[PDB]
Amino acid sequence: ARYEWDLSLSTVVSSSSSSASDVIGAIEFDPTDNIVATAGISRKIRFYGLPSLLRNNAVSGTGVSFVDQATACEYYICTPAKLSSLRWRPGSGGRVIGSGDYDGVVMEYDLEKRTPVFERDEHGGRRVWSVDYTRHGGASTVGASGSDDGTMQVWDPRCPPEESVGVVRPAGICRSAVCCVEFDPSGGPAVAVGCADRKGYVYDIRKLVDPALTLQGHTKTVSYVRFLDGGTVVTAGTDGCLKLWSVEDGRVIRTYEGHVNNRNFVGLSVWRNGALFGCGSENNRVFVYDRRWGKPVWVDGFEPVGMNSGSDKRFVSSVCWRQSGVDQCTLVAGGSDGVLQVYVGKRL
């Protein structure tokens, strides 16, 4: 087990102002990695210019920089429903961001006009847990949503929203929820889903009728699936573990344990260039694993001022790496209280 990264808390974004619940359920970078969008229970998609956020609020030495929400947030979009998920739409030049919500609705917003441009309600009103888009498709991009109704649905955002390019029900008879959907980030044909039947599945987006690859070993719902590369995917389960899988044969390569996750979505993000897996934890911790070892290489336990009070046990509810990092990495974590924690890392 090698400890190769100096990964340290740089910035904390918090609100003095609002007592509203503000669990962060989704954190995503735009295609340039200049913008971070967050969303969750508070029906607000918030945007942050991350380099400028850190540059304009820097402190001396190794201290942590504390920034108020009103200072940190460039702007936000009020939405009709609680958000489960966010994804920027490729091929739109960072102009369009998609969301899934607790009304079962997929929305797309144009950020140049701040207006909704796409609205799809085809999951019977069952919650949408996850949204994604195919990569390197250009004009052929398609979106997909996974929902409590037990389907992953594939739709063309240029067509009328009532239409569908495909629909799969991975869990079969019991129709268990599809909790996560993820397209191959390098543009291959694989699309991975995680389901409440405790399994992951890998389909061929070009031909959804072809038999899925089944990822079987979790003992609880698969809450997340993320690609490491064209040949491997990482799942998270509410059995308290992550698992690395071969896409070629479906075997478990490695299981990762040490964090606490038996109930909530706590986030999973895979930094593909560094082969590092980040996730939240229900004991208010951020965990990072290296692909090579099943024990965490790094944990952080930041506690915002005044957390102790209140009987609500704060947890880390979302994480997201900056994918374009190679010699530097950036990990953004979101708390169940709406606090953002920005970690920056360089090699030791």
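In case it trips you up, residue 1 is the first one in the sequence shown, and so on.
In this entry, the higher average B-factor at the C-alpha atoms falls on 51-59, of the pair 51-59 and 291-299. Averaged over Cα atoms, the B-factor as recorded in the entry is higher for 17-25 than for the other of 17-25 and 327-335. The entry lists C-alpha B-factors for 238, 214, 140, 84, and the highest of these is at 140. Out of 132, 184, 101, 162, the entry records its largest CA B-factor for 162. Annotation for residue 258: CA B-factor lies in the middle third of the chain's modelled residues. Per the deposited record, the Cα B-factor of residue 199 falls in the lowest third when ranked against the other modelled residues of its chain. For residue 225, the recorded CA B-factor ranks within the lowest third of the chain. Only modelled residues enter the ranking. Among all modelled residues in this chain, the alpha-carbon of residue 172 has a temperature factor (C-alpha) in the highest third. Sorting the modelled residues of the chain by their CA temperature factor places residue 242 in the middle third.
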